[PDB]
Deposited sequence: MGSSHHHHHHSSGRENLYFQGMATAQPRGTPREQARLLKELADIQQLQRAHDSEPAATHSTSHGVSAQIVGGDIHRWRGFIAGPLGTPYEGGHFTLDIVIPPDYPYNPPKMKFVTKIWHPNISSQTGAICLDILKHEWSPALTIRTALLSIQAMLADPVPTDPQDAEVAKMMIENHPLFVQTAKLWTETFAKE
């Protein structure tokens, strides 16, 4: 019943940007894939996420982090860690892993210096925004391509 939900999520993700695979035969461990949105420094990039689905999913949210190196104020440049409202206080069992991936993809299209996971990336984006964009595009070409 827990497995049935996770399998159908996987199927709908494929039937529908974003995608996902299970890892090592475990339906509680997935890899997410997200395309850099068009008109961002991430355009043309392909970003891999690690997805740990907790035992009491869907009541508890999945844990997601970037595996692919990315330069973004809301993603740790060092560890890939993120802090998304939808994976936190805005989570509900009515949502899906897909809506989380889409929401991460939207976050790539709308960087927020103001409330950041990476201090240094945020610092640069304030001091020198055109450099931030140059860095993000080079990181995309280098690590996501």
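Unmodelled regions (deposited sequence positions with no C-alpha coordinates, counted from 1) are 1-31, 48-63, 193.
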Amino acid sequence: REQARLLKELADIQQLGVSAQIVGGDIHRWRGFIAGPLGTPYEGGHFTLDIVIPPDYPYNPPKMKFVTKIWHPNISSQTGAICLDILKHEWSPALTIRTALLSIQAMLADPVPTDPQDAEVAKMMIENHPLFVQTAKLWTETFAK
From here on, numbers count along this sequence of modelled residues.
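The stretch 105-113 shows the higher mean C-alpha B-factor when 105-113 is compared against 88-96 in the entry. In this entry, 114-122 has the higher mean Cα B-factor, the comparison being between 114-122 and 31-39. Ranked by C-alpha B-factor against the other modelled residues of its chain, residue 4 falls in the highest third.
When the modelled residues of the chain are ordered by their C-alpha B factor, residue 76 lands in the middle third.
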